[PDB]
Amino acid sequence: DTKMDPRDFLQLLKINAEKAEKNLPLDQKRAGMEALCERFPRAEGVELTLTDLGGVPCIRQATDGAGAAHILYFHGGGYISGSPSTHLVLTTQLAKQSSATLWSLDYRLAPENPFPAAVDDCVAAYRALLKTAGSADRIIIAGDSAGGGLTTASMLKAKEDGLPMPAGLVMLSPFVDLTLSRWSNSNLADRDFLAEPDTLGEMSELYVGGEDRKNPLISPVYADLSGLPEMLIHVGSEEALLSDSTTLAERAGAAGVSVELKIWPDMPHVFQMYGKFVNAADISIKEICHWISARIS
């Protein structure tokens, strides 16, 4: 079917950015994210079981004939928004193109619960998911933006605690440096009509809550990423957070982790959400799944 020329779509995200609301109450910005992200298409044949993990709410997802593999998923939303719901668009596709049961976790958001609330839930869930899954070998962790920072964060916290490392980590435009201070952050700020300057600011501020911005469990890009499992990273070119994806790859790289990074031309922050319009959205999903299942094999 028909698609948008990447650039034009950017022009679309740009126009939407301009008319964006000035100071929208956090509770409404949320409600409208749900309303909005509900007009998007959910993969067909993906039953949405409303279950839980470690007492943390989650929308399990799987096709009728799903394998034994498992994807514990953390959504994005600057740590202050988003929900398993909002991301069905992406996860339903992930769960289907990989024949795996995907567990979209509803970890707590800030300011109601700042760090380490979310990280904590991600661990608890994993811990739970190990038992259910049977082996850490058939599990994979994934998330977009902030959700990408938790897929690492939680695994570092898990290593600390003493749990076995998953088979792999998949991150989409990871948000891993809350100091908002690297090359892309300033150089591409204009180009990013989603992860905006003032946006990330309060985003970080609220999540950090007094705590230290360079706390490894908050901005993994400063951690001892040693011991973590292989990680795949996809990121768009039009991203202020581009340098997070490259810097986390560098460190984890030098930290001794296996890393695969792909930077997609003309794609915006977490483009995998806009399959509806841009082709790469699909190519990426397909590549992310070929990657996942190959690991759980």
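In case it trips you up, residue 1 is the first one in the sequence shown, and so on.
When the two stretches 83 to 91 and 206 to 214 are set side by side, the higher mean Cα temperature factor goes to 206 to 214. Here 226 to 234 and 62 to 70 are compared by their mean Cα B-factor, and 62 to 70 comes out higher. Comparing the C-alpha B-factors of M33, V46, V259, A240 in the entry, the top value falls on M33. Highest C-alpha temperature factor among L200, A146, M155, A142, as the PDB entry reports it: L200. Ranked within its chain, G162 lands in the middle third, by CA B factor from the PDB record. Sorting the modelled residues of the chain by their CA temperature factor places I296 in the highest third. Annotation for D120: C-alpha temperature factor in the highest third relative to the rest of the modelled chain, per the entry. When the modelled residues of the chain are ordered by their C-alpha B factor, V221 lands in the lowest third. Ranked by C-alpha B-factor against the other modelled residues of its chain, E112 falls in the highest third.
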